Amino acid sequence: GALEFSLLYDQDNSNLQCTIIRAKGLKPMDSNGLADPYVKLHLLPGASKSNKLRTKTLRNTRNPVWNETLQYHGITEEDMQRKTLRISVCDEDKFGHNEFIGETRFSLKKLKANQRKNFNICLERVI
Ligand SMILES: [Ca+2]
Ligand SMILES: [Ca+2]
């Protein structure tokens with residue numbers, strides 16, 4: 001129930017780069033006891049236009065490592081101090097239903113130009 005991700009805010013190109021490292025301890029998912037988790041980055045408040053990027057999806061696991069770098073091009077310092085970077089972790093099964101694992105929330109304002117910070121926190125409930 002923990003998530004590790006690294007964020008890099010570059011000013012030269014005003015590129016918001018997010019690196020989701022790995023998830024730790026995944027609670028039961030499929031009635032079978034298997035699991036296929038994937039990460040989804042969403043910036044809010046913003047235009048659902050395309051402010052959402054999907055991460056790779058790993059299968060049959062309980063503690064998978066994504067180590068994926070999601071980049072958001074078109075962001076400006078004004079947005080960095082106005083938007084919030086959210087990391088949504090969901091679980092995908094068969095052509096039936098799905099179950100949300102956990103998500104994170106951080107105010108981009110906390111990101112410094114040309115700075116790289118590593119995160120590691122526990123996910124909270126979600127209704
Ligand atoms: Ca499931
Ligand atoms: Ca699954």
# chains A, B, ... in the order shown; residues from 1 in each chain; ligands from 1
$ residues_around --residues "stretch 29-46 of chain A" --least-positions-apart "5" --cutoff "7 Å" --atoms "only C-alpha atoms" --output "ChimeraX atom specification"
/A:51-62,83-93
$ residues_around --residues "residue A:73" --least-positions-apart "5" --cutoff "9 Å" --atoms "only C-alpha atoms" --output "list in words"
residues 13, 14, 15, 16 and 17 of chain A
$ select_by_dssp --residues "chain A" --states "strand (DSSP E or B)" --output "number ranges by chain"
A: 2-10, 15-24, 37-44, 52-57, 65-73, 84-92, 98-107, 115-122, 124
$ closest_residue --among "A:106, A:72, A:119, A:100" --to "ligand 1" --atoms "only C-alpha atoms and all ligand atoms"
A:100
$ residues_around --residues "residue A:110" --least-positions-apart "4" --cutoff "12 Å" --atoms "only C-alpha atoms" --output "ChimeraX atom specification"
/A:7-9,77,79-85,105-106,115-117
$ closest_residue --among "A:3, A:18, A:101, A:123" --to "ligand 1" --atoms "only C-alpha atoms and all ligand atoms"
A:101
$ closest_residue --among "A:97, A:48, A:107, A:120" --to "residue A:19" --atoms "only C-alpha atoms"
A:120
$ closest_residue --among "A:63, A:108, A:20, A:27" --to "ligand 1" --atoms "only C-alpha atoms and all ligand atoms"
A:27
$ atom_distance --atom1 "atom CA of residue A:96" --atom2 "atom CA of residue A:70"
27.9 Å
$ closest_residue --among "A:28, A:122, A:71, A:49" --to "ligand 2" --atoms "only C-alpha atoms and all ligand atoms"
A:28
$ closest_residue --among "A:21, A:26, A:126, A:68" --to "ligand 2" --atoms "only C-alpha atoms and all ligand atoms"
A:26
